Structure formats: structure tokens, C-alpha cells
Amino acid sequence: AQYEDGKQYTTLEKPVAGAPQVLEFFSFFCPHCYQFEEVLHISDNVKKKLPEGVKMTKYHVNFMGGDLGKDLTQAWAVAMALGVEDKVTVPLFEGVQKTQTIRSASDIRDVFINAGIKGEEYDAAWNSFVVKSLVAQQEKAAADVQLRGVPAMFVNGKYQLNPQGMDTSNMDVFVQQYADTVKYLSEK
């Protein structure tokens, strides 16, 4: 076939019930994730090809960057609760990997303040139980698929994208293949 299990994707031997339709995992410490976000715009291009009625979910993971890694997962919970993902994603990536000016929770907080979220708004969210369960969800979702690597995308709890099996000579072609694959899996 054109799309084969084990080539553009893998099938989970242990499918996850009730999983989000399109589920993406990343880490601000993750170098390919930086690429996926800054250079390739993967999430965006996938969305551009997803059918009507499909919800797209993106979660942060703890297993990179120790203590800050965890801080970053709570901060991503804050971003999701406040709806400011699109205002912090890029400064968090560059703060962690480009300028390396993010070294503590306080530096994470500065990115939000600079992006225009108010201090008291950030801190109340940071400390809120709504954020606590949002952290719990991120961890649960990753736990459910026994996740050891990012970037990672899962479709309807049964399929996992396999980017190692797509050509990378061209970046545009890589993205389109990636996105078309999500859409094929989506229709499956």
C-alpha cells in the first residue's frame, strides 16, 4: 500500500479509549520540537488539512529538563487555561533553546508578563486547581501511551506518527507528507 503500518505510522498494540482525536506531545527542551514549531509549523499545517469537526490537542511533557521541565508543564497548563498558547510558545522555545535566558520558574513567568499576561492573572492561574487538573491531564495522556519520546503525535488513540519514515531532503515536502498522513489516519 501507499500508507503502511510501520512506515509513516505505527499502531499502538494497546489502544487508548476516549483519547483526543489529534494528540501532540512536545517539550520546550526538545530540539526537534523547536524545529516542528519554528521552522516546519507542523501543528498548523496539520490543522489546515484536518477535516471538519476535528479537535486538535497539544501537551507538554516532564521527562526532559528535570525540575524546569515540570515547571514548564505547569506553565503550559497556565497558557492553556488563559488561552495564550500563541503568545508564549515562541518566546518559551527561544528562551529555553536559543538565548538560554530561561533557568527558573521566575524566568518562565517573565515570558508571560512580557507577552502581556498580568502578574496577578498569571500567579492566580499558576496556583489554581484548574491548572492542577490540566497538569494531571497532560501527564495522564502521556502515561496512557507510555511516552518516552517527543515530538509525538497520536491519532484517535490508536496511531502514532512515524516521521523517521518520511523523506527530509525537502522540508515543505516533509510537512505535507506528515499532514497528509494525519489526515489519512484521521479518516481510517
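For every residue, the number given is its place in the sequence shown, counted from 1.
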Mean B factor on CA atoms, stretches 129-137 and 45-53, record says higher is 45-53
Avg C-alpha B-factor, entry values, 174-182 vs 10-18, higher side is 10-18
Based on the PDB entry, the highest CA temperature factor among the options 64, 33, 153, 147 is that of 147
On the chain's distribution of Cα B-factors, residue 163 falls within the third called highest
Here the Cα B-factor of residue 69, set against its chain, lands in the third termed lowest
